[PDB]
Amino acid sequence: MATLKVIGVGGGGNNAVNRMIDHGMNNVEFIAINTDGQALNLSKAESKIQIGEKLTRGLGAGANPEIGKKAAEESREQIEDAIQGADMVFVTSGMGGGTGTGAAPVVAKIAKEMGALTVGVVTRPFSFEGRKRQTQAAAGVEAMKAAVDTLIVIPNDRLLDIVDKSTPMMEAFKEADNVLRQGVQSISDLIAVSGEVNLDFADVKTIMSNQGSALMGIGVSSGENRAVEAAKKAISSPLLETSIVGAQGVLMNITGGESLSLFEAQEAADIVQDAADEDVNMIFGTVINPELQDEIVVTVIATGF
């Protein structure tokens, strides 16, 4: 049974983790990593690592990614110890600050050294934060890409595409944080449940090990044309930087009730295939959940660009 850990690094990453702790994911271990002792003290994470006590005296890294990097390197043994035994690690962080930008790639590097399939989920700053913030964040993203197995990048500007003029900022932030939450829940489902056409953690590693940026999504529909609608929703991910176009690897699962038809499954798979590379390494799964009535749920991860 694969062990999952979710690690928040710096403010934005810990914000994401705090929402997940609030909802509950009993089988998943949450780890909070920060330079900022005040923020870390308020976290309800079961496992906390204050990095850079010597460097920052319990303050943040003040927008200097070199300080975040050095803080993580200084606490390497603590980070190793907290990760040890994980089969899969998610590292969540907002790029552009001091702590996440610098520390998150070190954490991801350690995770992979400890043997974990390592997935980064990171944001790029809003354009309103300025070119400097954006340039620091880009360096972070590239460092993350080099350290992880697979990277999911959410430009914060994409949040401006999903709000109306009154949508509360915290509600917009919840939508961005749901990318991580739904990714973790979906992998938990994959590991826990034996499928009629079973996918397991070795299939996840095949598609996700030593890749780069990825598209992930989930689509739910019912009624007429449900399979096509669910597939299209799964592959259209308005918050992610990466599109499915040209994908060389896909992991795809369809979950339906007892009415799930072979014809529908083909329709959904063809939607996903059509979008990917013609030599796509596609691994397809199915689970029948008799508790469902007319809903279909299509889950996709696409890698290799």
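One-based numbering along the sequence shown.
Relative to its counterpart among 99 to 107 and 215 to 223, 215 to 223 has the higher mean temperature factor, C-alpha atoms as listed in the PDB entry.
The deposited model assigns a higher average Cα B-factor to 23 to 31 than to the other stretch when 23 to 31 and 48 to 56 are compared. Of the residues listed, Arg124, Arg158, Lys205, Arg131, the entry assigns the biggest Cα temperature factor to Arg131. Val6 sits in the lowest third of its chain by CA B factor, as recorded in the PDB entry.
Ranked within its chain, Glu77 lands in the highest third, by CA B factor from the PDB record. Ranked against the other modelled residues of its chain, the C-alpha B-factor of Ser259 as given in the entry falls in the middle third. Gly62 sits in the middle third of its chain by CA B factor, as recorded in the PDB entry. Among all modelled residues in its chain, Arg181 ranks in the middle third by Cα B-factor.
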